[PDB]
Structures are given as C-alpha cells and as structure tokens.
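Two forms, one protein chain; structure tokens for each follow separately as structure 1 and structure 2.
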Structure 1
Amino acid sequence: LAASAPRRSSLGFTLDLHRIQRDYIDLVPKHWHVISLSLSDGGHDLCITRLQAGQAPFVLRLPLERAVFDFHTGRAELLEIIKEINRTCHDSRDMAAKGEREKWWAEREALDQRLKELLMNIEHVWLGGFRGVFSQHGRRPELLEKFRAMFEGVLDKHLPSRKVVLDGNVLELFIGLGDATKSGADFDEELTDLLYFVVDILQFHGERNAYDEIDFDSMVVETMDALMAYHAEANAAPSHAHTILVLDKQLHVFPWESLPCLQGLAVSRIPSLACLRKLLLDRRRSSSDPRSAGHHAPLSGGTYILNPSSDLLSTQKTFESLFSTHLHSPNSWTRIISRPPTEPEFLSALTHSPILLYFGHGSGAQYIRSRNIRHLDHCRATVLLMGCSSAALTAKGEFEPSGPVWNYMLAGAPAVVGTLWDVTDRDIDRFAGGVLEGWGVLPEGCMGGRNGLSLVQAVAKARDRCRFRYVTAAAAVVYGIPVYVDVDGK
C-alpha cells in the first residue's frame, strides 16, 4: 500500500480525514480544491492539507528550514512592510502638499519590490520543490502512470535497490512544478527537494538509503526528462479550476494569492469547512457546464454605495456616470452617493440585492453593527468592500471571528471581496473596475461586449490593472465561493 509521507499514518487521524472527505469535501465541485495552511505547534513546519472530491486527501508537513528565514522572520518582515505601506497611504495628501509626490511614489515602488522579494523568498525557501501542491493542473491518470513507470525506473537505477511504492499524490507534486518543456525551465533545486522527500518516505517505510551514497544529480536529470515527456504529451492533447484556502488565524495576513505560483490563478479563502458547506447548499442556479457549480447572482437589483463620506472625490468621478448608465438606469440598482447609508439601508441591501458594491472607507462597519448582520435571516448579497483594510485584520495581523468578513460568511454572503491593508483610492479603483468588467457587472472597455468570469477569476485577473501588483493588488482577497453574474436572471 502506497506511502505518502515520511511518518506513521495514525488510524484515528485517517478516519477523521475520511469522514471530512465524505461529509464536506465530496460536496465540493470536482474542479475546485481545498487547501489548508497552518503551522506546527513548534512553528518549524508548514502543514498543508490538500482536499478534492474524488481524490485521496494529501497531507504535507514541510520543515521551513530543511535546506534564519524561519516563520517568525518572514512574518516580521511582512508586517514591517505592511506598516510602511499603510503609512504611505496616510501621508499621500501631506506629501502632495509638501510638493514631494515623486519621493512618495518612489517609496511605494520600493515597497512593491520588497514585498515581491519576500513572496519570491517564501516560494523559494518555504515551498521549494513542494510548490506543486498548489497546482491547478488537471489530473491525467494515463499520463501519470507513464510518469510513474519512468520515475520508478529512476529509483531502481540509482537507489539500492541495487519495494516502497509512492502514492500518486506524491508524483503529482512533480507534475505540478509546471511545464517542464518550457524554454529555459530549470527545476533542479525543486527536484532535489522532492527527491530528498522520496528517499525519506522510503527510509521511513523500511527501504533505507544513505544520502551520500545517492547520486541525486543524475536522478534530477532523468526525472526532468520524464517530466518533459509528460508535459510534451499533455500539451499536445488539450477547466474552470478554483482553489479555496483555509488559513490558520495568523496566516490570513500573508498574500498567498500573490505568490509567483498562484499569480493570476483563481483563488479564494473560506473561514472553515462549515462555512464552505453552508454556502454550497445555499447556491442559486443560473436562470438558464462547470459554471453551474457556482452561485449565480442576478445583475438586476444590486446596490452601490459610492463615496459615503463625500471625501473620495476621485472615486465618485471614476464610477458615478458608469454606474448611472450601466447599473442604475437599465438594471434597477439602488444608488447611494456622497451620503452615509443608514443601517436599515445597508441591511436591506444585504437582504435584497444580489450584489453590493461598497466604495468607501474601510469595511462599512461604521454604518452597520456586526450583530445586525448576524440577525439576518439571509445575507443574499455578494459584497465588494473596495476600501482600505476592509478585511479588518488586527494590529497583529490576525483574522478574528468577530471581524466583518467572518460575520458576512456566517450570515451567508456567497462571497466578500476585501483588502488586507490600506490602499490608495486611485489604485484600488483600477482593481475594482477590472473586477467589475471581468465579472460582467460592467461592459468590457468601460474603464479605459460583456465578460463572465467567476468573481474569483475576475479578482485574480484584475490584479493586473493596478500600478503596483504588490503594494496594492496583493491586498485584495476574496472570501467565499465562485459567484457568476446572471445577466438575464431575477
């Protein structure tokens, strides 16, 4: 029976995992996968669990220091960067008054590069050759069985062996490294990382092999050629994949979606499997197909709240006419502009509108008490909180059960888009316009026919529109499940 880890498989744990698979994961659309990230009690290991309907669960425990840049150090650098980013947002008006807009811009460019580098280093050091656990590639058993035969050959040739069989999930890590036939592709370090893993799994399960007696570099070359064979065949004969992250309390502050290996891919977060299951069982079908897996929100009857505190003039200017022309006039949207929404107005929008667009400061919590979002029979609205730190993490970067996002999720909002830290009006508006175009709320070309990406796909693509991919766009995240706009729906 196939080994997947360098440690004892505990029967109670495996039973629990199989019960979770049966009662939660087997309801999840098969083209979606669920990945949990947490730290070991020690803090030394990143624990990754990958779950998908019709697939065996995969549990990974990655020691961050297996090769200084430990978790404490990475998180500290992230929080310092965020603090400096937030400060550039608050000092915008001030710097402009001092005639120093250029130095201000340069500071933001420098922070953008610093955050990019941190994410590069996380992917390189922490994930290393395991980054493929995040791969959205379609599984192809026939191709995998070929790769298995070639890879088992590599082991026979270079190990002694001169017995333990690997789970397919371990082999999928190799496949998940990416297209090996790409010009300039170099997986040597990654492959080394995974070959150590395989030797360790073997060692633990009774097939011992000394590191110094293995020619890893020869194993790397042959494995890469095997992956080139795999990907050559996969590319020759060519999904709506979505990833859903479940994150431990201290890991929401990390912009996972902006790691090199997740950039541009459709990724959302969910607070718990319980929240996931609730949202799935509440899904609305399209008025009229992998898209049938999502929640379908009618375009008609939304609410927008634009510049509620009146000081976001640039934002009002950017969207007011577009929203009038495309939403309020033909699609029966409720318009609240340059005045605060009342709490009853806000609640009524959550209850009755399929889509709520909030273009104001923060999460809007200044306008609606948390406890009344919990009294709601149902939060019908998919909610876009296009504002500074609208996810409302604590000063220490923690995601709390009392925060707005948890409250919306518990109330049943199909999705909530928000920001992990402070962002400028101009640059988050670029992102927001991108979301609305890609999602199909606005026509293509508005911001410069009609697209129909899921909200999650639209968020991932709209990151491209920001001047700063990291200082701005990486703040943006979506909690919930894929939502599609139903243009003719009611």
Structure 2
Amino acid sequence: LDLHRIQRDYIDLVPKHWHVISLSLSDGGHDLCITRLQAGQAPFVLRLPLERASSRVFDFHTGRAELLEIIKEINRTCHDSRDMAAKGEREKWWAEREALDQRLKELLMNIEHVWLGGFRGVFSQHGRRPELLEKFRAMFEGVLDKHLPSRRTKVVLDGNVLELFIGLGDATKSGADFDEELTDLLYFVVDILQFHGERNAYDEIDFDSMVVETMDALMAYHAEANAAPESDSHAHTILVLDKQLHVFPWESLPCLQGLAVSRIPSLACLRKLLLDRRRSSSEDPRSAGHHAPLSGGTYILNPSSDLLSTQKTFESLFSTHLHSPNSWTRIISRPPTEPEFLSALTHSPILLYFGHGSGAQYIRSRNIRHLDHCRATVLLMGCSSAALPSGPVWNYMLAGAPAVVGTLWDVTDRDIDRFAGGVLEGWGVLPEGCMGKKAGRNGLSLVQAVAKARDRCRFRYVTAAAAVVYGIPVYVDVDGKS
C-alpha cells in the first residue's frame, strides 16, 4: 500500500531507463534490505542476511568499523603530507597510501563477495529482453523440474527473480565464473518456493548440478542477446541510503564501478529535481537529464592561495576554454565573498570549486537555504566536501541544485585534480585531451563522467572512491543560453 503509493506518486514519474535503489539495514543490522524501484516495473524487494554463508564472513559492525579505521588513516595521510615532504619520506608516504588503497579495495571486495553475493545483479542496468527472458524461464524451470524433490502445485517465479540471474552479466565472456553467485541465487529460489508452500530440504538438492545447468542456460541467453547489443541506453542508477550507509563508497564496489550511479537524500528530493529539469536547446534518452548551459559558469580556483599546483593545472585551461569564449566568472587566488558565492549559485549553470573543504568557510549553510533557487550544478573539489544527516550537500539538495559532486573523506591535490580533469573532459566542459589548444568535446552526463573519471586517479580507492554525486544526471548544453 505504501510501496504502492511510493510507486504511483514518485517512481512512475522517474525516467523509465533509470532505476532507484534503496539500501537500509534491518533492526539488528543483521540484514541488508535492498529495494529496487523503476517506473512501470514491479519492485524488487530483498532482505539479505549478511552472515547467511556461515550456516551454509563478517557482520555489519565489523565491516563499518574496518571502513572507518581505513578512512581515519587515509585522512591522516592527507595532512601529514606537509610535515613528511622530503625526498625519502616520499617513498614511505606513497607506500602508506598504496597499502591503504589495497586495504579499502579488499574491504569493498569482501562486501561485494559476502554481503551482496549472488544478488549483485540487482544493480544491473541491462535492458529488458522479454522474449529472451521467457526462453530462460523455460530452461530454468527445466532445471527445477529435474532437480527439486518437490517436483519428482508448482510455484511460478516472478520475472524480477529471473532478472537477477541475467543481471550477473555476460556468461559467455572469458574469465566468467558465476558458481558462488548462482549457488546463492539458487538458495534464494528454493526459499521463495518454500515461502509459497512448495517445500524442499537443502540436503536433498544437488545445487552443484543446478549451477552447471543454470550457467548453461545463461550462456544461451547471452549468446543470443549479444547478437543485438545495447548501443546507448543512458541508464542511470540513483541510490537512497539510510543514515548509517552514506559513509560506504557503494559506487566503488567492483560490480558498480562501471555504472553511472548518483545519490539522493529522498524520493521527495528526486521528484522535485525532476520537475525542475531544463530542456536542451536542441526517443532521445538524454532528454531525461537536466541540461545546463556551458555559458555563464563560475570557477573558484585556489581561493586560499596555497594550492599552487592545482592553480597551475587549471588556470590557463580555464582562461582559454571558459573565461574567454564562454563568459565564465573567475575567482582566483583570493577568497570569494559570500555575495559572490551566492550570486554564482543563482546565475551560473555550473560552479567549479577547487579549494579546501566544501567552501563552507566562505558561505553560510543557511544562506544557501535562503536562495529562491540554486541554478548551479556544483563541483566541490575539496576534502570531505560531501562527508558525514546534515552537511553542505544536504543544503544544496534542499536549495534545488540539480547535482553536487563531493568527497566522502579527505583527498590530496594532484590526485583529485586528475579526477576533476577527467570529469570536465567527459562532461564536455573542457575539450577532450586538455589535461594530457584543443577542440571537440564529449557529452556524457555528469554522473557518467564521474564514474569514468575515477579511472584517472593514481589511487582508485584512496582517492577516487571518495568521489560521489548527489542529484540527477546533468548534461552540458554547449550552445545553450540561460
């Protein structure tokens, strides 16, 4: 009823090639609750016991404690930098950060392996192929008929359950191994049957054989699916996270790294941003996003004057490509006044903040609330600009910023600059090849650009995993005007 009302009043207004994923914990923190919502689709509702493998492993408290310890040490490396700066202390500094990168990598790997397991396909953005799914249904039902003691009335599985198998990915690729994932999903199927009154004992089921036959069915699905590949769906995922789950870099889970994923405080917030989308100046999936003109942006570069490498990296590029030809406002090597900051938020389609922190030292959060409307899509390239709910990102979302890019923890200048440069190139703010005068530009959504830009960092986990975007997909409108 409430899921019915949520579907009708919120989700069915969301672009149909996007989906919304809600992540929360059960009372004791024993289960990960995942709800996938999509316009015109029945909801996926999952409750995943984190320790389910044991009775067939680390609990939430253990995982979160490990994460927070890693983050604490990462933050320490970002500021002990100045003191350590020498010539052989360099080696130790880089070694420490490499070790932390590996630690965080392994934590995310373990979360994906143990907590998500075979349900990682719930995050899949693959397009629905109704005719192929029913072919898979017939084969899979054949597997159940052959192997379940209960079939020596039959429960009929929902299509969304079958889509979890498809969502594991291309089973025909070299290196593909779905055995553990498939085992996890076969337990799920047996448990669904059990729930609806078709009962079986695990011990009487040859799961290993079902895995082989199910994998063979998936190879048949994907062989045929690959003959008509998905060209460009502009699929996007929006995460709604419960309070304890924001600190996790979900987007950097191995199975999510390639996907365009953003976060949103609430469904109410998502709905508001969608109703305020600007159309491009131009059956076109890009039309689902907000379109921000390239003209008239603002960049705030090295406002505290001490970030000389960051200034050096971008100042000439910004003068050449933004200030000179596209009427951008520039604030360089001086602090912006609060009126300047508020004016940029009000008038600029894009605001680039390349400085320390979130910029809260220059503009009060409550004045971001007083704004009749926040026009700007905002990139907060500084330490913990989206971290630790209440915070700067919260207020930009309240103000109606279409999107805000920020960091979950502290970062260092050159590596976040590599990321930022990648975002601007992918998004089309700067021409391709600028960071490596250029002309010709990409047109990824901001969310797609952020996901791709994580590749640019020396540390995918220590640096890039910090980077997240709150809001909806934003496209640059190159020839557009406000």
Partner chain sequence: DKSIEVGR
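Shifts are known only where both forms have a C-alpha. Definition used throughout: the rigid core is the maximal C-alpha set that superposes within 1.5 Å between two forms. When a residue number appears, read it as a position in the sequence of structure 1, where counting begins at 1.
Here the chain coming from the form deposited without the partner chain is structure 1, while structure 2 comes from the other form.
No residue in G206, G99, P344, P141 other than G99 shows a CA shift of 2 angstroms or more between the two structures after fitting the rigid core. Superposing the rigid core and comparing between the two structures gives a CA shift of 2.5 Å at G184.
Relative displacement of the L51 Cα between the two structures on rigid core alignment is 0.3 Å.
Core superposition places the C-alpha of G42 1.4 Å apart between the two structures.
In sequence order, the regions between the two structures where at least three consecutive C-alphas each move 2 angstroms or more after rigid core superposition are 97-99, 160-162.
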